[PDB]
């Protein structure tokens, strides 16, 4: 009677699938390749779609405590404010990655999800097996590929994949807010601080709570000072002097990494009893801040479709058919924004840009109209 799920990946997609399945009475085992459960990338934004998934997972309270909704999302071009957007009340939130990841881990443990670390999936079979790097073959009614970019679960099966890689990247960090030292201004806002002159450098300034500030320092990979890690303090201060107190702190972080990204569009997300979720299926450009939101909605939604009385194989097909278009459209528009630098103009969180954000996975409708 008790159905079994094997999840490869302990990132936001895997943790979400795990919790949602466990809530529905699945016996779920999650496998994380790393030696501990950690999330990288410094900070993250969630919108109403993602926040609803957390509500659905019973992990919302722990996320909202200790994270921040700025009074406004502000854009600057060459230090001039060009927009302030509040999205007609659409909920949104900024936090560190560890904060979101910890809430999800605690919830999974509270539910009794079996979590293994040092446990790497190297292959999956559509008939319902997952092979680990040690050689162990696990049978289950449902295998979830939540193993991120470069997914072995996906590549062991072979999907037709459109791949693209960005040449340019950014350096993401958590630093103290330094609020007093920043002096006059609106330093609780999101501030997307664009510049093309004297050089292409941008900081997305993203308060996570009273103590922690998430910064994303973005410069071309061809720029040997701006792309440097640990950060080349002088070049960031010269273009963002009003952030010097925080940048001095960022310069102390010798763990900084300059990270680029890749995008992935697949011919399908399923094969038999194997479902691909998150980056493994649909890595997208960061411009709409929806990569994880989409992953969380999709993982959540996969549990919904598995409650319909159908075989797993048919429930998977139904799931992709139902939920995929919101992700495809989001991915597409985000890619276009990123290629065209569209957010530089401000006022670009249009109703179509906000489509994925407006989606409520709990009631399966679009809310917070614009």
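Positions refer to the first chain, counted from 1.
Asker: According to the deposited model, is the average Cα temperature factor higher in 254-262 or in 83-91?
Answerer: That would be 254-262.
Asker: Can you tell me whether 137-145 has a higher mean C-alpha B factor than 200-208 in this record, or the other way round?
Answerer: The entry gives the higher C-alpha B-factor average to 137-145.
Asker: Tell me which of 161, 98, 116, 75 tops the list for C-alpha B factor in the record.
Answerer: So the option with the highest C-alpha B-factor is 116.
Asker: So if I compare the CA B-factors in the entry for 293, 230, 169, 71, which one is the largest?
Answerer: The C-alpha B-factor peaks, among 293, 230, 169, 71, at 230.
Asker: Using the B-factors in the PDB entry, rank residue 308's C-alpha atom against the chain and give the third, lowest, middle or highest.
Answerer: Highest third.
Asker: Report the third (lowest, middle or highest) to which the CA temperature factor of residue 331 belongs, ranking only the modelled residues of the same chain.
Answerer: Lowest third of the chain for residue 331's C-alpha B-factor.
Asker: Would you please rank residue 338 by its C-alpha temperature factor against the other modelled residues of its chain and give the third it falls in: lowest, middle or highest?
Answerer: Tercile = lowest for this residue's CA B-factor.
Asker: Looking at the temperature factor on the CA atom of residue 156, which third of the chain's modelled residues does it land in?
Answerer: CA B-factor rank for residue 156: middle third.
Asker: Where does residue 239 sit by CA temperature factor within its chain: lowest, middle or highest third?
Answerer: It belongs to the middle third of the chain when residues are ordered by C-alpha B-factor.
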